[PDB]
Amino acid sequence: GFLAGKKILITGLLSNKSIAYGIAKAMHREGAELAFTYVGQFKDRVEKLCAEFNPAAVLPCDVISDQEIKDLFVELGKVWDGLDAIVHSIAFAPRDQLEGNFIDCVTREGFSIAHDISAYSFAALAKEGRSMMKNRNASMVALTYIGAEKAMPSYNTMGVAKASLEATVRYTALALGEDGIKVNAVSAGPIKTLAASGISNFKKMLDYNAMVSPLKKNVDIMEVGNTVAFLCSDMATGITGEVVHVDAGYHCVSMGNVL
C-alpha cells in the first residue's frame, strides 16, 4: 500500500458515517499504522468503532484544552518514535450560529468558539506535533468546505471559521515547510454525517449538489478519504498549502441549466 508503515493520527472519527471513518478505511487499506482521538464523553463509542483499524492508540483530545493537546503527544510519543501525519477532521459552532440570517444570528462568543475549535485547533496540533513530525516527509490535512470561499445560506459562522482554517493551513504550510512537513486541505462536498443532523434542509443541499455538479452525484467518504490518504503519501511531496475540492466539480460551475 502507498502508506505502508506510515504512522498517522486521525482526529474526528465519531460514527461510521464520519468523514474520518472514510479516511481511516482508505489509510488502513494503504497500509498505514493509525491512532485515533476522541472527545471525553465518546470514549466507548469511538474505541469500538476504530478497533477495526488495529489502532496503535485511542486517546482523549478535546481541542478546547491546551493541556489535553499537550498530553496527546506525550502519550503518542510513548507508543511511536515519530509521527508521519495528522488528519484534522474536527469542526464545531454553537447551533444558534447556523441557520437564519448571518448578522441576526452571529454572536461574539459563537464566533470565538467556532474559530477556536474549527481553526485554531489545527495550529494547536501542528504546534504540539511538530517535534515528532520533523524531517520525515510528514503531512497534515484539514477538512474544509466551500462556505469558506463564498457566502452561503445557513453556513454562517462556520463559513467564516473555515476561511480562518484555510488561512491557518497556508501559514502552517509556510511555518512547517522548513521541516519537510506538507500541509493541505480537502474541501469536501456535503455528506450526511452527524454534522448534518442539526441542519433542517440538509437533504436539499445534497439534492442541489447532485443536480448542479458536473459529475451529477454526491461525493462519499471514500472519495474524500482516498484523497486525504493520497495527500499523506510520498507521491504528494510536491503539494503544500493547497485546497483540493472533492465535491463532484461543484466548485467550478455557476448557475447551470436548471435555474
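Basically, rigid core = biggest C-alpha set you can superpose within 1.5 Å across the two forms. Residue numbers here begin at 1 and follow the sequence given.
In a rigid core superposition of the other structures in 4 other deposited structures of this protein, 191-199 and 208-216 differ in how far their CA atoms stray, and the farther one is 191-199. Higher average CA B factor: 185-193, of the stretches 158-166 and 185-193. Looking at mean Cα B-factors across 118-126 and 132-140, the upper value is held by 132-140. Considering 94, 177, 153, 147 together, the PDB entry gives 94 the largest C-alpha B factor. Per the PDB entry, 201 shows the highest C-alpha temperature factor of the residues 213, 201, 227, 233. When the CA B factors of the chain's modelled residues are split into thirds, the value for residue 85 lands in the lowest one. Per the PDB record, residue ranking by Cα B-factor puts residue 173 in the lowest third of the chain.
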